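> Need coordinates for the following:
(chains A, B, C, D and E)
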Amino acid sequence: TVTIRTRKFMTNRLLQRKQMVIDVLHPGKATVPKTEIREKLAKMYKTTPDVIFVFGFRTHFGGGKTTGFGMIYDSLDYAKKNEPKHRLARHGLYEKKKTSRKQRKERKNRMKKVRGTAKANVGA
Amino acid sequence: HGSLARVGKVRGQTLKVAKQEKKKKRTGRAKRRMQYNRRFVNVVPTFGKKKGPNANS
Amino acid sequence: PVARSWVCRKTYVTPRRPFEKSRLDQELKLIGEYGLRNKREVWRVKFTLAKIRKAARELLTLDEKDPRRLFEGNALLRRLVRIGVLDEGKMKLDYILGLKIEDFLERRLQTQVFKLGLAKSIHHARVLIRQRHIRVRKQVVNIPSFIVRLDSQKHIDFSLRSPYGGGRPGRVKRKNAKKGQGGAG
Amino acid sequence: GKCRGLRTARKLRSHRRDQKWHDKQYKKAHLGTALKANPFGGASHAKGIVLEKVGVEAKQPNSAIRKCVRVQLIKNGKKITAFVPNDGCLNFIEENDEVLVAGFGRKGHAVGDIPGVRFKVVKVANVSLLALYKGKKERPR
RNA sequence: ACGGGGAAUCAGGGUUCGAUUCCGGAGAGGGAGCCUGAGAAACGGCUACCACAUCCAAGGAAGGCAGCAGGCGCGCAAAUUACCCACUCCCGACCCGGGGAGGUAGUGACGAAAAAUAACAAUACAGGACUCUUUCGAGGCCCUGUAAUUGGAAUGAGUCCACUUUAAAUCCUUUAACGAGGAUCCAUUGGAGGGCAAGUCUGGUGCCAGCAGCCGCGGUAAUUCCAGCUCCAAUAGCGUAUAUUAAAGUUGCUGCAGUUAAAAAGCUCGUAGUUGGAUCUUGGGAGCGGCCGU
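Numbering: from 1, shown residues only, chains lettered A, B, ... in the order given. Take a look at the structure below.
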């Protein structure tokens, strides 16, 4: 019985996307995962689930209703272009380097000690 | 009398009684209810004067 | 330099004499009648009334048909009327001074949940609010301070989710029914 | 006021300014002499080191012996006789112990039976003297 | 004593605070001098001196945490050598890189908001409505209160799968399952002579020990000490020291006092200061409402 009514629906031709506030009714059971809402919004708006990005859910106290924000892009080539990198990475289609900023900074300050091609021979 | 030698005289020489076993006092609004019942719903108009709660003349 | 609010104010004032028999025993008369838990819950209401009652004094100094008064005064009157404290028949701001602590205690959720008769006492009412059994227009309210808007009074009932409504039957019954079939064999 | 002129603002302000110095509570706070001669240097509390345990004879009427503690303050090197609270708490104070010391209550004035002792001992060896008296904390030795 | 916007208190006047996130100023151990640049007398630039201090093959070299953490010291007095550029913005040649600025967690009873620590019934009981009885007693259809009496129904503290949260997590919210009778899943903190809410109770001590903001209590029936029971107050808080505000009309402009309680100069003149007599336009023209009004 998990229902999705959309709200504040807007078509950004300048990011090539639909965007809307997503009101999800789920009385009895938990906050339904984003994947399920993404599939349930795909069959609603006659699109593929891959170009949909549905985030930032805050379940109202009592809990027969939650609210997230949603985006439906035109193509994945637009999605991958003009979407923040962390929200692509949730769909398992982006990987960032494991190296923490403490390593990158200690590398950067070691690289300033030496001049020229020796700057390459800092990290081995 | 009593120089530095008498320090903690009376504290030392009391028959040291261990505390009695109490059914623990209810806390919060359960207490304020219990206080309200002791005063404003129960008691009767009394001849002469109304007594204090700890009164044991 | 940070993106924090900081803005916060007290909701009560501690009274000057801490041991007026007449006050101590009138504030416990309030706590018993209306099932509050400490004198802070009473000094909270008294303080809200005192701020209302301060704002009213401030507007009665002003000349009649003053634009700031007429705007501010009607704004204060429609607010008191909206929470069920003052009457629509009596909305005139010299009545705001003829207004006291029982009128605000009557409009708090604990007392409405009791005086609708879907609770058994005022102490049972807090239990039902605290244990999230009651709701207001499909919103489960955990908190018995909740002042009930006049339009929003009739929409106080049990939660659809609570066993007092059409809800999933609770922990003690379900354990005693499972022990009952573990007792029968 | 004894000059109700409309153009008398400075005489009325400058008089009041001059006559505030004849108040005690003002003269005290608004000179260095009260804040300098203060053994605590205007602080609420002060850690000092016990250099002897001292019996002080109570006042004229009542007559006990009040068990106080001669203290060298750290911050100043100044000498203080500070009282020790409840029954048998001078038994908790070994000599040369760092004690936290507060006022007695009357803002640097002598209290009750105890002549020229303005201070009480609060903690001994950074352990609270109420906690030692109630037996909650044990003295670390 | 960085100033201000502001803070606390608060009848009306006031009094006190403002190092502290916004504005403006100043300084980078103390002074001083200057290079570059649109902008610096810059210090995460340089040059000396002074003070301090590091490395040294003793010839020399390097330093500036009142940036973020962290350390020592000083003290009554103040947190992690954490994660991140995703947000907010900033810098750059720049849709792309960088930012201890900033954000996110950790410590956190500075402080503020909400708010558990039980509710409900059947019984013994007791007090109060009624037919009735001189008194007792009867009935409980009506109530109300207390007993580690008994009975189920409760819901979250915690435990914990999952989702949600989010840069990745956390907390919150949602939600399977567990999770309460001494509901031991155990509320303290201070008091109980007066001021000041609450014992002339019991045991100990005997001007001792101690309490006691003040007045006072303690020398053998202690309402005050040391404990037991009990009761009161505030309550997840409550006590203490100190600054400070009200109370203080005990600084008095509002608003104090000055014969004797503290207080009018020995007396007079006298300049700035302060205060300063009366007097200088009125009648009607135009119009409305029921002689008076705009």
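
> Quick check: residues of chain B near chain D?
Contact residues (CB under 8 Å from any CB of the partner chain) of chain B with chain D: B:2-4, B:6-12. Every residue, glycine included, has its C-beta placed from N, CA and C.

> then stretch D:123-132 to PDB, C-alphas only?
What follows is stretch D:123-132, C-alpha atoms only, in PDB (Å, rounded to 0.1, in the frame of the first residue of the first chain):
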ATOM      1  CA  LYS D 123      38.300  20.300  48.900                       C
ATOM      2  CA  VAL D 124      41.500  18.700  50.400                       C
ATOM      3  CA  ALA D 125      44.000  17.100  47.900                       C
ATOM      4  CA  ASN D 126      41.500  17.900  45.100                       C
ATOM      5  CA  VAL D 127      38.800  15.600  46.900                       C
ATOM      6  CA  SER D 128      35.600  17.400  48.200                       C
ATOM      7  CA  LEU D 129      35.400  17.600  52.000                       C
ATOM      8  CA  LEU D 130      31.600  17.000  51.900                       C
ATOM      9  CA  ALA D 131      32.400  13.700  50.000                       C
ATOM     10  CA  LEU D 132      35.000  12.700  52.700                       C
END
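
> what does that stretch contact?
Outside stretch D:123-132, the residues that touch it by CB atoms under 8 Å, 6 or more residues apart in numbering or on different chains are D:84-85, D:89, D:92-94, D:97-100, D:121-122, D:137, D:139-140.

> Does chain B have contacts with the lengthiest strand in chain D?
Assignment by DSSP state E gives strand D:46-57 as the longest strand of chain D. Yes: using CB under 8 Å from any CB, strand D:46-57 comes into contact with chain B via D:53, D:55.

> That strand - contacts with which helices or strands?
strand D:65-73, strand D:79-83, strand D:98-103 (3 or more CB pairs under 8 Å, 6 or more residues apart in numbering or on different chains; DSSP states H and E).

> burial measure for whichever residue of chain D sits closest to chain B, as a count.
Relative to chain B, the nearest point of chain D is residue D:88 (2.0 Å; CB to the nearest CB). Using other CB atoms under 10 Å in any protein chain shown, residue D:88 has 16 other residues around it.

> and what of residue C:148?
Residue C:148 has 22 nearby residues by other CB under 10 Å.

> Mind checking which of the residues of chain B next to chain D land in strands?
Of these, none are assigned to strands by DSSP E.

> Contact partners for the spatially most central residue of chain D?
With distances taken as CA atoms, centre = their mean, residue D:103 lies nearest the centre of chain D, 3.2 Å away. For residue D:103, the contact set (CB under 8 Å, 6+ apart) comprises D:40, D:44, D:118-120.

> on that earlier part again, dump the residues of chain B next to chain D to TSV, plus neighbour count and distance to chain A.
Shown next, in TSV, are the residues of chain B next to chain D (neighbours: other CB atoms under 10 Å in any protein chain shown; distance: CB to the nearest CB, whole Å):
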residue	neighbour count	distance to chain A
B:2	11	66
B:3	9	66
B:4	12	61
B:6	14	65
B:7	21	59
B:8	16	57
B:9	11	62
B:10	9	59
B:11	13	55
B:12	11	59
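
> Please name the nearest non-neighbouring residue to the residue of chain B found nearest chain C.
Per CB to the nearest CB, the residue of chain B with the smallest distance to chain C is residue B:36, at 3.0 Å. Among residues not flanking residue B:36 along the chain, residue C:32 sits closest, at 3.0 Å (CB to CB, 6 or more residues apart in numbering or on different chains).

> Any idea how many residues pack against that neighbour?
Close neighbours of residue C:32, defined as other CB under 10 Å, add up to 20.

> Confirm that it sits in a strand.
No: judged by DSSP: H, G, I helix; E, B strand; the rest coil, residue C:32 forms no part of a strand; its state is helix.

> Tell me the bridge partners for the residue most central in space within chain C.
With distances taken as CA atoms, centre = their mean, residue C:108 lies nearest the centre of chain C, 2.1 Å away. When assigned by DSSP bridges, residue C:108 has beta-bridge partners residue C:147.

> The helix ranked longest in chain C close to RNA strand E?
When chain C is parsed with DSSP state H, its longest helix is helix C:40-61. Yes: under the criterion of CB under 7 Å from any atom of the strand, RNA strand E is reached by helix C:40-61 at C:40-41, C:44.

> which residues in chain C form helices?
Under DSSP H, chain C gives helices at C:21-34, C:40-61, C:67-82, C:101-105, C:109-115, C:122-130, C:171-184.

> what about the longest one and chain B, touching?
No: on the criterion CB under 8 Å from any CB, helix C:40-61 is out of touch with chain B, staying 8.7 Å away.

> Report all helices and strands that that helix contacts.
Counting by 3+ CB pairs under 8 Å, 6+ apart, the packing neighbours recorded for helix C:40-61 are helix C:21-34, helix C:67-82, helix C:101-105.

> ok, now which ones touch residue 51?
Answering for chain A, as no chain was given. Shown in contact with residue A:51 (CB under 8 Å, 6+ apart): A:72-76, A:78-79.

> ok, back up a step: so how far is the helix or strand harbouring the residue of chain B closest to chain C from its chain's centroid?
Assigned by DSSP states H and E, residue B:36 falls within helix B:29-36. Counting by CA atoms, centre = their mean, to the nearest Å, helix B:29-36 is centred 17 Å from the centre of its parent chain.
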